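Participant: Take this structure, written in C-alpha cells, and hold onto it; I'll ask about it next.
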Amino acid sequence: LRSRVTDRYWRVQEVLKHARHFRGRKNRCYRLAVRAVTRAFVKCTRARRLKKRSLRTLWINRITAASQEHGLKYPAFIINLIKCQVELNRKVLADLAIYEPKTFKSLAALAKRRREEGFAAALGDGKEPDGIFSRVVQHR
Amino acid sequence: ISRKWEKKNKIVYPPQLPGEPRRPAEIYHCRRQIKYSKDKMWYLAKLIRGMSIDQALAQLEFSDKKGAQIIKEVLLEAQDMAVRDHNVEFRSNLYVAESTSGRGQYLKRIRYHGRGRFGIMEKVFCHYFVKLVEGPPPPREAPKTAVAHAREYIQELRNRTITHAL
Amino acid sequence: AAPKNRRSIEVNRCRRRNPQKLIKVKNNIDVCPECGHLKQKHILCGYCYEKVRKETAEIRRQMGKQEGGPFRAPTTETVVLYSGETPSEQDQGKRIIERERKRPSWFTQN
RNA sequence: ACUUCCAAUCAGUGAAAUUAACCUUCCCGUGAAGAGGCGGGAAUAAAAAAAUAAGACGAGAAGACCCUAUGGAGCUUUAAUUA
RNA sequence: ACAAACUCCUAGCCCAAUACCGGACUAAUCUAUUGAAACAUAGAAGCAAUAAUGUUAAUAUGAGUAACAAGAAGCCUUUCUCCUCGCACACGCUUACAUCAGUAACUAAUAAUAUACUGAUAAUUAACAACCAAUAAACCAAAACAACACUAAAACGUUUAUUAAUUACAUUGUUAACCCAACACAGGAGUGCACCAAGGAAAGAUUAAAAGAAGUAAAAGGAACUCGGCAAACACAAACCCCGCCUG
RNA sequence: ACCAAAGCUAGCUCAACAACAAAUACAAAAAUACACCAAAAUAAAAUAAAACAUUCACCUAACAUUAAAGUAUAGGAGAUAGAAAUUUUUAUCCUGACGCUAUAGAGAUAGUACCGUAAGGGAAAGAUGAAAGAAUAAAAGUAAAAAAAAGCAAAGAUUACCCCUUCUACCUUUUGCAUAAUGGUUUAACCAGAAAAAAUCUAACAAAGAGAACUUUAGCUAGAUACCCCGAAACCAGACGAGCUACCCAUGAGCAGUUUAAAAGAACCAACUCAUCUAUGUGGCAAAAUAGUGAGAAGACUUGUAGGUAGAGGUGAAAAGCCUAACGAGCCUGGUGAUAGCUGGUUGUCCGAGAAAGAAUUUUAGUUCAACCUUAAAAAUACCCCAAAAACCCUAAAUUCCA
Ligand SMILES: [Mg+2]
Ligand SMILES: [Mg+2]
Ligand SMILES: [Mg+2]
Ligand SMILES: [Mg+2]
Ligand SMILES: [Mg+2]
Ligand SMILES: [Mg+2]
Ligand SMILES: [Mg+2]
Ligand SMILES: [Mg+2]
Ligand SMILES: [Mg+2]
Ligand SMILES: [Mg+2]
Ligand SMILES: [Mg+2]
Ligand SMILES: [Mg+2]
Ligand SMILES: [Mg+2]
Ligand SMILES: [Mg+2]
Ligand SMILES: [Mg+2]
Ligand SMILES: [Mg+2]
Ligand SMILES: [Mg+2]
Ligand SMILES: [Mg+2]
Ligand SMILES: [Mg+2]
Ligand SMILES: [Mg+2]
Ligand SMILES: [Mg+2]
Ligand SMILES: [Mg+2]
Ligand SMILES: [Mg+2]
Ligand SMILES: [Mg+2]
Ligand SMILES: [Mg+2]
Ligand SMILES: [Mg+2]
Ligand SMILES: [Mg+2]
Ligand SMILES: [Mg+2]
Ligand SMILES: [Mg+2]
Ligand SMILES: [Mg+2]
Ligand SMILES: [Mg+2]
Ligand SMILES: [Mg+2]
Ligand SMILES: [Mg+2]
Ligand SMILES: [Mg+2]
Ligand SMILES: [Mg+2]
Ligand SMILES: [Mg+2]
Ligand SMILES: [Mg+2]
Ligand SMILES: [Mg+2]
Ligand SMILES: [Mg+2]
Ligand SMILES: [Mg+2]
Ligand SMILES: [Mg+2]
Ligand SMILES: [Mg+2]
Ligand SMILES: [Mg+2]
Ligand SMILES: [Mg+2]
Ligand SMILES: [Mg+2]
Ligand SMILES: [Mg+2]
Ligand SMILES: [Mg+2]
Ligand SMILES: [Mg+2]
Ligand SMILES: [Mg+2]
Ligand SMILES: [Mg+2]
Ligand SMILES: [Mg+2]
Ligand SMILES: [Mg+2]
Ligand SMILES: [Mg+2]
Ligand SMILES: [Mg+2]
Ligand SMILES: [Mg+2]
Ligand SMILES: [Mg+2]
Ligand SMILES: [Mg+2]
Ligand SMILES: [Mg+2]
Ligand SMILES: [Mg+2]
Ligand SMILES: [Mg+2]
Ligand SMILES: [Mg+2]
Ligand SMILES: [Mg+2]
Ligand SMILES: [Mg+2]
Ligand SMILES: [Mg+2]
Ligand SMILES: [Mg+2]
Ligand SMILES: [Mg+2]
Ligand SMILES: [Mg+2]
Ligand SMILES: [Mg+2]
Ligand SMILES: [Mg+2]
Ligand SMILES: [Mg+2]
Ligand SMILES: [Mg+2]
Ligand SMILES: [Mg+2]
Ligand SMILES: [Mg+2]
Ligand SMILES: [Mg+2]
Ligand SMILES: [Mg+2]
Ligand SMILES: [Mg+2]
Ligand SMILES: [Zn+2]
Numbered sequence: 084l085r086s087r088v089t090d091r092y093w094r095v096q097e098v099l100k101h102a103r104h105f106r107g108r109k110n111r112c113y114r115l116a117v118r119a120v121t122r123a124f125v126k127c128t129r130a131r132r133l134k135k136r137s138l139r140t141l142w143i144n145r146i147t148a149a150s151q152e153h154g155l156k157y158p159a160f161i162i163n164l165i166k167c168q169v170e171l172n173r174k175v176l177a178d179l180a181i182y183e184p185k186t187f188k189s190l191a192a193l194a195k196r197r198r199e200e201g202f203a204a205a206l207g208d209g210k211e212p213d214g215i216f217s218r219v220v221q222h223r
Numbered sequence: 002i003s004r005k006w007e008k009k010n011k012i013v014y015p016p017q018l019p020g021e022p023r024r025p026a027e028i029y030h031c032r033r034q035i036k037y038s039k040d041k042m043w044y045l046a047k048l049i050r051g052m053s054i055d056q057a058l059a060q061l062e063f064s065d066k067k068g069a070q071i072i073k074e075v076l077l078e079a080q081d082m083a084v085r086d087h088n089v090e091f092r093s094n095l096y097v098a099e100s101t102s103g104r105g106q107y108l109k110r111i112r113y114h115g116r117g118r119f120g121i122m123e124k125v126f127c128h129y130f131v132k133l134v135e136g137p138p139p140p141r142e143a144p145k146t147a148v149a150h151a152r153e154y155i156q157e158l159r160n161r162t163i164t165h166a167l
Numbered sequence: 145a146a147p148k149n150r151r152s153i154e155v156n157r158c159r160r161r162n163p164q165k166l167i168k169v170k171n172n173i174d175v176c177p178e179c180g181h182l183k184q185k186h187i188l189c190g191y192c193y194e195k196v197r198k199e200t201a202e203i204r205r206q207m208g209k210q211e212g213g214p215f216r217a218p219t220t221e222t223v224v225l226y227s228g229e230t231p232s233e234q235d236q237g238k239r240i241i242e243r244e245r246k247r248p249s250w251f252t253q254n
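Sequence lines, in order, name chains A, B and C. Read in our numbering, the first sequence has 151 at position 68, and its numbers run on one by one without any break. Read in our numbering, the second sequence has 105 at position 104, and its numbers run on one by one without any break. Read in our numbering, the third sequence has 189 at position 45, and its numbers run on one by one without any break.
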C-alpha cells in the first residue's frame, strides 16, 4: 500500500501566508520562506517584551520635557509626587503632560511645593512642624 | 504551450446605451516562436511603447536589430486587422498600448569544448505581444515641479499625529 | 574568478534596464518628396536609389551585349537612348545604347 | 616607433567553473585568537561602460605532507605457519 | 533617578533546555461498517523532508559575457587581388554523391545558399580488380644497371612425365566533398606519379585605447641582465673539465 | 501574459490452478568436392571471530508440515554449527488482491536508440472529444512594473513605503562556530528504525492453562508495545581484450641529392622518423597540440597488410615501463545490499523528567561493567545534623559520624 502526500499545497500555503511581504526570494522559495518566517516569529515574541520598556522610555522622556518646562528635573518631580501620596502611572502622567497642560503645571507646582517643604523641614532641625503637604493620611 | 492572447479578440460586448462615451477599439496580436532571443526582443518591445503607430513604424524601420523587421510585420498585420476585421475609422489613429516579449519553447544541443568537456547549449525562441488602441496617444508624464514637491512635503508635515499619546 | 553569489533579479533589472542600454529614438527621420517613403536626413532615399539601381543594372547588361568579350571596352563616350529618340550632333561619334522603355521621368534628356 | 591577431563599438548565433540568502563601505577594538555583518566612531543621491588585481581565509579537486583505523596493497627476507 | 526572566498587580489554558527515556493529540492514504460535498469509530501501513559535493526533470545566475565566420568589384559567373598537402589507388566509410524542388524552423557553431539540412526522382555497365589444379622428377651456384664480387649468405620457377569436366554469355567491387579522433576537430593516416596545367581563400562591418600574443627596426654602450648568454642576434667560431667509451 | 499545470490508460507486480519458400557455422544468412572428429580434474574468497592462521550457517541436493529441539552432540570446547530414534497432517473443488498507476509498477513503447574493439552496459517518453469524414491560469524563472543615503533584511510599529529603535543566517560538528569550519542556486517528485527471550499494559480461563506434543509453588494462553539510509581502497571465480602499445613470426614497400676507393651502426642535408629547448595554449584547435628551434636520416632504419603470446599472466636494450585517453598490476559480469569502532544524512505538533566521566580492555576515535539518570512498583525514614568520639613528634581551611 503505497501512500503519497496529496495535500502538500496547503502545507506550503500555510507558511507562505506569512511570507508575502518579505523582500527578494524569501517570498517565493519554500526554504528561504521557512527560515525567514521562523526569524520573523522569534523577533515577534522578543518585540513583545521590548515594547514595554520602549513605551516606558518614551513616557519618561515626555515627563522629563514637561517637567523641564516648569524648571524641575525628572527625579525631583517623581519623588515628590510620590511623597505626596499621589500614585500615577508614567503613562497617565505623560498623557496629562500633553493633553492637559494646566493640570500638569498644577502637579509640578505641587511637587515643587512639597520639595521646598522637605528642604525646610530637614534644614529646620526640629521635629514639630508638619508642612501642610507633609502630613500622611492613613486610610479608613 | 498556452494560447490566451489570441482569444482576447473573441470578446463580444453588450450594445451601447444612448450617448455614453464610445469605447475605443482594442486590437490584440501576437507572433509565436520567433528565432530571436527574449532579452534582445525586450528592447525593441520597450522602445515603441506608448508611441503612435506611425512613429513606431518609423523607428522600427531604420533600426538595425533583426527583431525590427519582425515587429514591423506584426504591427502592419495588426493595423490591417484593425481596419478590416474590427471597424476602425482613420487607420493612423492607432497608438501602441502594450508591447512585450515572452519566452517560447527552447531547443537543446551539445556544445563541445576541449579536453572532452561539453556545455549544454540552448537554442532560443520568443513570442512577441502587442495591443493597439484607437485614439490619439496618451500624454507623456511631465517631471514633478518644485510647486509639486513643496505640496507633497507640506501635506506630509500636516499629516502627523502625537503618537502613543491618548 | 568565479562569481561569489547568484545576483538577484533586482540587481539585474537595474543593470540591464539602464537608460544607456536602451535604444535611442532617432529624430532625423523625414519623408522623400517623390515616393513619400521614409528616409534619414543625411542619407539617400532607399526606394529612389532602388529604381536608379535597377535601371543602371539593365543598361549595364545591354552595354555588356554591345561589347564582345571580357577585356574589350569602348574608347568613345557613351550615350544611352530610349524609344523615339535620335542622336543630337553634340552626342554623335559616340557609342549608342538603344532601349525599349520610354525615357523615365526622373532621368532627364540634357 | 610601426604593422598583424586579439582588442573596444555595430549586426548574427551563444557556452564554463561558480552561486545559503544579500538591501554586498572604511577605521580602531572585540571575538573559535586575521570582521561587508558584532561594539565605538566615521563616511554615504541612483544606476551603466572601461581598467587594475589588495581582499572575499577567491574558484577548482572530501590534502598526494603529517598522524589515526586491531582499513588496504606492492616489494624483501633470518617474521610465523606451509601445500 | 534610570535600569531584568527576578517580585508584586489584573486575568489564565499556570513555569527553560542538547543525548537518552516517558506521555497526549493529529496531516495524507487504504480496508471494515456508518457517511453522503467536505465523514467518525476502529483496523492497517511504501504513514508526513528547509539540509546526504542526495537521484531525475526543469528553470535561473555567471551572460547577452567567453567565443565563433564570408578576399574585392560588377552585367551574376566575369574579371581582378593573393596563398599553395595536387590527382589516383589500397585500407576504411556506407548514399553523405547526381537532377529537380523547398527552406518559417531544424544541419552549418553565424548569414547569404546547399557537397553536408527536407521531399521526390534517378545512379556506378568490364578488357582493370576478386574468384580462379594436383602429384612425380631434374636443378649447389643472390639481389645490388650485374661484367663479377662482398658477408650478414639472400623473396619470387621453368621444363619433362601422368591424369585435369571442355561447352557464347558465371558471380561479385565500381558514386562521393568520404576515414580514425564525442564535432562540417589547426591532430593521426600506407603507396604511385606531380610542383603546376591542378587545388584553395589569411579580413562579417568599423574604430584605431590599455593589457596580452606574433613580427620588424633602433642612437651610445655590448652580458653591466639572470639560477644560467634562457630568448634573441649584421654572430654561427675556438679552448678547458666531470660522466659515459662510441651509433643505439 | 508567457513558460508551464492537470487527467486514466498502456501495462505491470505477487499468488492460486494447470505465414511459408530459399539462405544459413566461407569472414552465419554464399546451392555444389576428400574427411576427421571430439574432450574432461572439490567451488573459492569477500565476510564473522571486534586481529588473524583451525573453524564461519545460506549458497547442491531435495523434501515437505506439527513436534522431539535449539535437545544429543560438534567446536582456537571460542565465534558459532546441529541431528536422529519416535510422532502429526482429509478429498478435491472456490479464485483473487487493506498490490502499483507513466520519476510508480517490469529495464521495457526496447534489450531498441545510444555507449563499448569486445565480454558488457543500457535510456527517455503517452494524454481534447460521441465524432477532428466536426476546431486550471495555481511551482521555480520571467513579463506587466529599473533603481534613490543604512547594513542576516526582518520585527516593534506608525498618518506614512523608507527614515527611527532592537536583534551576531540555518544545519552539521564540537570544550567553544557570525565565524574566514562542513553543506546547499531555486522549484517539483522521489529519498532513511524492521525482530517479541525476559518484561510492562489489557483481557480469557484458573490449580491449572493452551484447537496435540508444552509450561505450571498463580499460572498459563492471546493481543499490543523493538532495534536505520548512502559511501571505499580491497579480495575470489569465470569470461572478454595484442585494430593502441611491448616483443616476435610471415609477406610487401621506401631512402633523393652532395661528399668519399665505400651503403663505412662515416660526413653534409631533403622526404621520412623521433622529441631537445623556448614561447604560446591550459573547459585548448588538441583528454599532450601549434610556431620557431632541434637530434637521426642504408641502418640495433622507418613503415603497410596479416598472424601469435592474456592478468597467480604476457612482453620488457628495467623506466616496477607497456598490455585500448586512470596498470605497484587490465576490463567486465558474478560473489555483492562485500566490510567500514570512520565521515555524511535521518522527514508532524505539543507537553513530563533530564545527564560531564570510577574500572578493565591491540584500550584511549570503540565497547562492557559501576555510579548518576528516565519509566513503572513496593516500602521506610531520608538529607540537615549539639555535645560525645576517630594516633602515635609538628602540623591550617576542614572532613567522617550522629539526636
Ligand atoms: Mg494506491
Ligand atoms: Mg511579563
Ligand atoms: Mg543556460
Ligand atoms: Mg554582440
Ligand atoms: Mg550598498
Ligand atoms: Mg582578543
Ligand atoms: Mg579586526
Ligand atoms: Mg570586456
Ligand atoms: Mg583581487
Ligand atoms: Mg563573509
Ligand atoms: Mg589567500
Ligand atoms: Mg580529508
Ligand atoms: Mg596504518
Ligand atoms: Mg589490518
Ligand atoms: Mg523596570
Ligand atoms: Mg522541562
Ligand atoms: Mg516515506
Ligand atoms: Mg520537497
Ligand atoms: Mg563543489
Ligand atoms: Mg537537497
Ligand atoms: Mg542567461
Ligand atoms: Mg564580465
Ligand atoms: Mg570578444
Ligand atoms: Mg575569411
Ligand atoms: Mg575502396
Ligand atoms: Mg541555421
Ligand atoms: Mg569488396
Ligand atoms: Mg575495396
Ligand atoms: Mg572512386
Ligand atoms: Mg577529442
Ligand atoms: Mg573578425
Ligand atoms: Mg597594444
Ligand atoms: Mg615586442
Ligand atoms: Mg631584430
Ligand atoms: Mg642599440
Ligand atoms: Mg653578472
Ligand atoms: Mg645583478
Ligand atoms: Mg656567472
Ligand atoms: Mg640559445
Ligand atoms: Mg667539479
Ligand atoms: Mg652515451
Ligand atoms: Mg646513426
Ligand atoms: Mg574479521
Ligand atoms: Mg565489526
Ligand atoms: Mg585487518
Ligand atoms: Mg564459505
Ligand atoms: Mg518506467
Ligand atoms: Mg558499435
Ligand atoms: Mg509564478
Ligand atoms: Mg534601517
Ligand atoms: Mg558567539
Ligand atoms: Mg552539513
Ligand atoms: Mg576544534
Ligand atoms: Mg575564525
Ligand atoms: Mg576548510
Ligand atoms: Mg571537517
Ligand atoms: Mg558551497
Ligand atoms: Mg514474550
Ligand atoms: Mg500475574
Ligand atoms: Mg584473507
Ligand atoms: Mg582483511
Ligand atoms: Mg593478433
Ligand atoms: Mg599487432
Ligand atoms: Mg642516400
Ligand atoms: Mg651515418
Ligand atoms: Mg622566433
Ligand atoms: Mg643532422
Ligand atoms: Mg652526427
Ligand atoms: Mg625496445
Ligand atoms: Mg632501476
Ligand atoms: Mg623505483
Ligand atoms: Mg586504459
Ligand atoms: Mg554499510
Ligand atoms: Mg589483550
Ligand atoms: Mg576506536
Ligand atoms: Mg541520622
Ligand atoms: Zn524617394
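Yeah, the Cβ is synthetic: ideal placement off N, Cα and C, and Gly gets one too.
(1) Measuring CB atoms only, is the region 63–76 of chain B touching the region 30–47 of chain B, in the sense that at least three cross pairs come out at less than 8 Å?
(2) What's the gap between the Cα of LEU99(A) and the Cα of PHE105(A)?
(3) Does the beta carbon of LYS185(C) fall short of 8 Å from some heavy atom of ligand 77?
(4) Of all the options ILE163(B), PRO137(B), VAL97(B) and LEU158(B), which has the alpha carbon lying nearest to the alpha carbon of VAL75(B)?
(5) With a Cβ-Cβ cutoff of 9 Å, do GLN60(B) and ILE240(C) count as a contact?
(6) On the three-state DSSP scale, how would you describe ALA98(B)?
(7) Of all the options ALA192(A), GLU200(A) and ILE215(A), which has the alpha carbon lying nearest to the alpha carbon of residue 33(A)?
(8) Here's the rule I'm using: 16 or more other beta-carbon atoms within 10 Å means buried, otherwise exposed. How should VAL175(C) be labelled?
(9) From the beta carbon of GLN60(B), is the nearest beta carbon of chain C less than 9 Å away?
(10) Do we get a CB-CB distance below 9 Å when we pair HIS150(B) with the residues of chain A?
(11) State yes or no: is the beta carbon of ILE167(C) nearer than 9 Å to at least one beta carbon in chain B?
(12) With three or more C-beta pairs closer than 8 Å as the rule, is the region 144–162 of chain A touching the region 108–124 of chain A?
(13) Under a CB-based cut-off of 9 Å, is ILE28(B) close to chain A?
(14) For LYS170(C), would you say it is in contact with chain B, using Cβ-to-Cβ distances shorter than 9 Å as the test?
(15) Count Cβ pairs between the region 227–240 of chain C and the region 186–198 of chain C that sit closer than 8 Å; are there 3 or more?
(16) In chain order, what are the residue ranges of uninterrupted alpha helix (DSSP H) at least 4 long that sit wholly in the region 130–194 of chain A?
(17) Does the CB of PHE63(B) have a neighbour CB from chain C at under 9 Å?
(18) Whole beta strand (DSSP E) runs in the region 21–46 of chain B with 3 or more residues, listed along the chain?
(19) When the cut-off is 9 Å and only beta carbons count, does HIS165(B) lie next to chain A?
(20) Is DSSP giving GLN184(C) helix, strand or coil here?
(21) Indicate, with yes or no, if ligand 3 has a heavy atom lying under 8 Å from the CB of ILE111(B).
(22) Which of the residues in the region 34–49 of chain B, read from start to end, lie with their CB under 8 Å from any CB of chain C?
(23) Check whether the Cβ atoms of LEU166(C) and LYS47(B) sit closer than 9 Å, and answer yes or no.
(24) If you reduce the DSSP assignment to three classes, tell me which class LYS11(B) lands in.
(25) Can you tell me the Cβ-Cβ gap for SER100(B) and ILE155(B), rounded? I've got them flagged as a contact below 8 Å.
(26) From the beta carbon of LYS109(B), is the nearest beta carbon of chain C less than 9 Å away?
Facilitator: The answer reads as follows:
(1) yes
(2) What you label residue 99(A) is simply residue 16 of the first sequence in a count that begins at 1. What you label residue 105(A) is simply residue 22 of the first sequence in a count that begins at 1. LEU99(A) and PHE105(A): Cα-Cα distance of roughly 10 Å.
(3) As a first step, residue 185(C) must be located in the third sequence, where it is residue number 41. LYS185(C) Cβ: outside cutoff for every heavy atom of ligand 77.
(4) Working through the second sequence from its first residue, we reach residue 75(B) at position 74. Ranking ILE163(B), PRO137(B), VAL97(B) and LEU158(B) by CA distance to the CA of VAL75(B) puts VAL97(B) first.
(5) Counting from 1 along the second sequence, the entry for residue 60(B) is found at position 59. Counting from 1 along the third sequence, the entry for residue 240(C) is found at position 96. No, they are not a contact pair.
(6) Position 97 of the second sequence, counting from 1, holds the residue named residue 98(B). Note: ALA98(B) maps to strand in three-state DSSP.
(7) There is simply no residue 33(A) to check, as chain A begins at 84 and stops at 223 in what is shown.
(8) Translated into positions along the third sequence, residue 175(C) becomes position 31. Exposed is the call here.
(9) As a first step, residue 60(B) is located in the second sequence; it is residue number 59 there, counting from the start. Taking Cβ atoms only, chain C reaches closer than 9 Å to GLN60(B), which makes this a yes.
(10) Walking along the second sequence from the start, residue 150(B) turns up at place 149. No - not a single Cβ of chain A is within 9 Å of the one on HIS150(B).
(11) Mapped onto the third sequence, residue 167(C) falls at position 23. Closer than 9 Å: yes.
(12) no
(13) Here residue 28(B) refers to the residue found at position 27 when the second sequence is read from its first residue. No, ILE28(B) does not count as interfacial toward chain A.
(14) Within the third sequence, numbered from 1, the residue matching residue 170(C) stands at position 26. Interface residue, yes.
(15) Verdict: no, contact absent.
(16) 157–166 and 173–182
(17) Your numbering for residue 63(B) matches position 62 in the second sequence. Yes, because at least one Cβ of chain C sits closer than 9 Å to the Cβ of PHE63(B).
(18) Taking only runs of at least 3 residues, the beta strand (DSSP E) segments lying wholly in the region 21–46 of chain B are 27–35.
(19) The sequence position of residue 165(B) within the second sequence is 164, counting from 1. It does; some Cβ of chain A falls within 9 Å.
(20) Within the third sequence, the letter at position 40 stands for residue 184(C). The three-state reading of DSSP puts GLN184(C) in strand, counting E and B together.
(21) For this step, residue 111(B) is matched to residue 110 along the second sequence. No; taking the cut-off as 8 Å, the Cβ of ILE111(B) has no heavy atom of ligand 3 nearer than that.
(22) Sequence-ordered contacts of the region 34–49 of chain B with chain C read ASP40, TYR44, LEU45, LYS47 and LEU48 [C-beta pairs closer than 8 Å].
(23) Indexing the third sequence from 1 puts residue 166(C) at position 22. Indexing the second sequence from 1 puts residue 47(B) at position 46. In contact: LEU166(C) and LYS47(B) (Cβ atoms closer than 9 Å).
(24) Within the second sequence, residue 11(B) is the residue found at index 10, counting from 1. Of the three classes helix, strand and coil, the one that applies to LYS11(B) here is coil, per DSSP.
(25) Within the second sequence, numbered from 1, the residue matching residue 100(B) stands at position 99. Within the second sequence, numbered from 1, the residue matching residue 155(B) stands at position 154. Not a contact, Cβ separation roughly 39 Å.
(26) Indexing the second sequence from 1 puts residue 109(B) at position 108. Taking Cβ atoms only, chain C never reaches closer than 9 Å to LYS109(B), which makes this a no.
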